[PDB]
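As they're listed, the protein sequences go chains A and B. Each residue of the first sequence is one higher than the last, beginning at 83 in the working numbering. Each residue of the second sequence is one higher than the last, beginning at -2 in the working numbering. Quick reminder that beta carbons are idealized off the backbone N, C-alpha and C, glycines included. For reference, the structure is listed below as structure tokens.
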Amino acid sequence: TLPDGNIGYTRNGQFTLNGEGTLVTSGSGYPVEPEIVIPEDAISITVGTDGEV
Amino acid sequence: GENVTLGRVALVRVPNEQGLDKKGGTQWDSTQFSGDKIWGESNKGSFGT
């Protein structure tokens, strides 16, 4: 999600989390569509082949 | 022969560890992009041992 509101498409996969736990890019911090919020009770993160986080 | 517990160590886990700002001497501090410091015990919930 771009700051203006439009959706940008990327091939880079270096993602991270912000202070709220939403999955964002490791660069400018654009949130990934759809929003993936990692709860604070998680001990590990696994992403399936079909994209099921 | 007095075995008394003097406390327990505090463990801090931030939602986005990549966003921690680097101080000197292998030390980090909480920032806007790192989330708020979550104070918890060890071996409880998502914390380690």
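_Contact residues within the segment 83 to 109 of chain A, judged by C-beta distance below 8 Å to chain B_ = When C-beta distances to chain B are compared with 8 Å, the residues of the segment 83 to 109 of chain A below that value are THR98, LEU99, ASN100, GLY101, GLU102, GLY103, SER108, in chain order.
_Please determine whether the Cβ atom of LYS41/B lies at a distance below 7 Å from any heavy atom of the ligand FMN._
With respect to small molecules bound, the structure shown includes none, and the ligand FMN cannot be examined in it.
_Going by beta-carbon coordinates alone, are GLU117/A and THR128/A separated by less than 8 Å?_
Taking the first residue of the first sequence as position 1, residue 117/A is located at position 35. Taking the first residue of the first sequence as position 1, residue 128/A is located at position 46. Contact: no.
*Starting from the beta carbon of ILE127/A, find every residue of chain B whose beta carbon is closer than 9 Å, and list them in chain order.*
Counting from 1 along the first sequence, the entry for residue 127/A is found at position 45. Contacts between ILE127/A and chain B, judged by CB atoms closer than 9 Å, are missing: the closest CB pair is about 11 Å apart.
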